[PDB]
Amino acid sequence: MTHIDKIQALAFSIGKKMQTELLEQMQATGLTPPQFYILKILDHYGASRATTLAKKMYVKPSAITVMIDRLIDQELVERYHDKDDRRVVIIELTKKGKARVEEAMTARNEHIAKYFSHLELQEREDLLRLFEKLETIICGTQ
């Protein structure tokens, strides 16, 4: 219980500001932040299992399924099943998806970059691990 009400007070105020900036980013890139991060993973590691994407995002497989369905609508990734093992679902960046992720890189919201440049690398790592833990608690993941 301790620190909860103060954390929520700060999260509300920060979040109210961050939401405006994220709507700008969505307007400038055509992606929500989780969609963008998905594309970055696939850009980095190439074609990957949908279950690995879920693990990297700290969400359930079923949650990644919806995300991927939306990225398919935008034609940014392709989903397929391994030819012989149809249980293995592979997600892959399309040519469009690769161009979108690079464009999104350059069109990122600059106010958000400014705020986080005032946090040490080590402080960003701390926040990220706390968020990953919170996501795990919320989603019932590992």
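All residue numbers are counted from 1 along the displayed sequence.
Here the stretch with the larger average CA B-factor, out of 80-88 and 31-39, is 80-88. Between 6-14 and 115-123, it is 115-123 that carries the larger average Cα temperature factor according to the deposited entry. As recorded in the PDB entry, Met105 shows the highest C-alpha B-factor of the residues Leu53, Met105, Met26, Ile68. Among all modelled residues in this chain, the alpha-carbon of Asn109 has a temperature factor (C-alpha) in the highest third. Sort the modelled residues of the chain by CA B factor and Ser48 lands in the middle third. In this PDB entry, the Cα temperature factor of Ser62 sits in the top third of its chain's modelled residues, the highest group.
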